[PDB]
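First, one chain by itself: the form deposited in one PDB entry, in structure tokens.
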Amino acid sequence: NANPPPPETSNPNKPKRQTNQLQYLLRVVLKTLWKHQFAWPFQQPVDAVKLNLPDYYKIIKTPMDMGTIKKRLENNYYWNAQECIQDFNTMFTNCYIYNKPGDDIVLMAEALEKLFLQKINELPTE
């Protein structure tokens, strides 16, 4: 069972805009979560071949990771801030869906989600 390709991260046909909200998502939210001690498993797609998890992509049909989110922001892939926020939410919930409650990786994602919510609290107005 091969890994799927990573989510798309750049599309020259998508329109581009700079907004206060998207700038904040890259410069504050993503940068803060990226440097966190628990960020490392989330910095690239789950490599289920390397990890011998043949049911990962049978269970998780909407993968997402922070490496993808970073690339999407840098490539002006998102038009609405909510698209980015949804991707963060998908990342965290994928981790809760697949892994056992109480596992280290779950507590890691929970800490990262709490930080994310503290950072999103101060998102600029639309």
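Shifts are known only where both forms have a C-alpha. The first residue of the shown sequence is 1; numbering continues from there. For clarity, a rigid core is taken as the largest C-alpha set superposing within 1.5 Å between two forms.
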Given 74-82 and 46-54, the range whose Cα B-factors average higher in the PDB entry: 46-54
Greater mean Cα temperature factor according to the PDB record, 98-106 or 9-17: 9-17
Among modelled residues of the same chain, the CA temperature factor third for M91: lowest
Lowest, middle or highest third - CA B-factor, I60: highest
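Note that the form deposited in another entry isn't included here; everything after this is about it.
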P15 C-alpha shift between this form and the one not shown of 2 Å or more, rigid core reference: yes
Core-superposed comparison between this form and the one not shown, runs of at least 3 residues with CA shifts of 2 Å or more: 11-18
